[PDB]
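Residue numbers (this note's numbering), protein chains in the order written: chain A, 611 to 664; chain B, 2 to 54; chain C, 5 to 57.
Here the structure is laid out as structure tokens; the discussion comes afterwards.
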Amino acid sequence: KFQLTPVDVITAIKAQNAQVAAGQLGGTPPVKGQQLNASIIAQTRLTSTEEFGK
Amino acid sequence: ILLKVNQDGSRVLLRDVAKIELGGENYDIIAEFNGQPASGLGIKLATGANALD
Amino acid sequence: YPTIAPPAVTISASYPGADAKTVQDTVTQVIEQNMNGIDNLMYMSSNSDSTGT
């Protein structure tokens, strides 16, 4: 109906659902005086069936 | 390293878009022997070898 | 004869078209840095071939 092959289901759930090679605030090597270091948590892997319906 | 061809022709090289240097593969840990820059070697003895030799 | 000759192990890898000195740096010298401290090793011998092997 809504004009689709499994292939778009594949690429969909793949690139939609994943962890991500994020990086860091205050990234190393920082600059003279830098006074924050903390973790970038970007796009995360899933958990539920909701997160999969959506 | 070429990144793109220009409309007139003065192309855009990586040279231009970013800075380039021979650099550490990792800048997390820094080694200061007596405050002076240093780099060390961690040597382990063989498997049934003499220490003092 | 009795089994007489000192036992030995060879490693072989393929890197097609790569020139001799390339295989000398891309495969041969990579191994000899981790052949540091094997037990009862008499000697070591490396072949860096320009057919990539």
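For every residue, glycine included, the Cβ atom is placed at its ideal position computed from N, Cα and C.
Pair within 9 Å by beta-carbon distance, residue i and residue j
i        : j        : result
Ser16/C  : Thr57/C  : yes
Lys5/B   : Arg12/B  : yes
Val27/C  : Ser52/C  : yes
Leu15/B  : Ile2/B   : yes
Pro616/A : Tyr28/B  : no
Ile620/A : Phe662/A : no
Contact set for residue i: own chain, Cβ-Cβ below 7 Å, skip 5 residues either direction
i        : result
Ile650/A : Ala632, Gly633, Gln634 and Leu635
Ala39/B  : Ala32 and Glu33
Unbroken beta strand (DSSP E) run spanning residue i, endpoints
i        : result
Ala648/A : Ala648 to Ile650
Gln645/A : Neither: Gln645/A is in no beta strand (DSSP E) and is coded neither H nor E.
Residue i burial status per 10 Å Cβ neighbour count (16 or more: buried)
i       : result
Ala22/C : buried
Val31/C : buried
Residues that DSSP places opposite residue i in a beta bridge
i             : result
residue 606/A : No statement about residue 606/A is possible, as the shown extent of chain A runs from 611 to 664 and does not include it.
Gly633/A      : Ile650/A
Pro38/B       : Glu33/B
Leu3/B        : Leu14/B
Alpha helix (DSSP H) segment containing residue i, residue limits
i        : result
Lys25/C  : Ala24 to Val27
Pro616/A : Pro616 to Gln626
Neighbourhood of residue i by C-beta, 8 Å cutoff - its chain only, sequence neighbours within 5 removed
i        : result
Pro10/C  : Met46
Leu646/A : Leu635 and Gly636
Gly10/B  : none
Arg655/A : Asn627, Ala628 and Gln629
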